[PDB]
């Protein structure tokens, strides 16, 4: 946190910074709050923010979601490899389904998510004005959650074109349903580490 205060005082002076990648370094709740201040500034021109493997938890998602409320420049956010839990995803979803949201690309790989966040995610898929890519690999969503996701993906207003999803432990019936969706929505690619396609 010593350290983090140096970085944030410098960012206050930086101009035109489009990307900020903190991945792999732990941020305390307190550093998260100073970062959220950074994002709220009107001069903030960040387009990409990467916080993967940073020790974030659910309460951090609430702060990030509120920090995105004003922001119109961020188009890509990586929260992979943090124990966000379903409660953390729910805070993000509240923001991402708003009509002012500009976020295009969101990565939630290995974030401790279950089927219990998938109704919230599906409401994002159906209503977000901006979300094009969503990576949910390394989360245990199961047939129940993926079915809920598919209910949102089927919405003709769904903007998504790339979904990252673990398919190995899904049922044969679920995998047939996903392939049927891909046939109906040819602009959508469902990929994984095992089906990189």
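Numbering follows the first chain given and starts at 1.
> Can you let me know which of the two, 99-107 or 77-85, has the higher average C-alpha B-factor in the entry?
In the deposited entry, the stretch with the higher C-alpha B-factor mean is 99-107.
> Test of understanding: from the entry's C-alpha B-factors, which stretch has the higher mean, 61-69 or 162-170?
Stretch with the greater average CA B-factor: 61-69.
> Would you mind checking which of 48, 139, 28, 128 has the top Cα temperature factor in the PDB entry?
Of 48, 139, 28, 128, 28 has the highest C-alpha B-factor.
> Splitting the chain's C-alpha B-factors into thirds, which one does residue 16 fall into?
According to the entry, residue 16 has a C-alpha B-factor in the chain's highest third.
> Looking at the temperature factor on the CA atom of residue 176, which third of the chain's modelled residues does it land in?
According to the entry, residue 176 has a C-alpha B-factor in the chain's middle third.
> Please place residue 147 in the lowest, middle or highest third of its chain by C-alpha B factor as given in the entry.
Answer is middle: the recorded C-alpha B-factor places it there.
> What third of its chain, lowest, middle or highest, does the C-alpha temperature factor of residue 32 fall into?
Within its chain, residue 32 is a middle-third residue by C-alpha B-factor, going by the deposited values.
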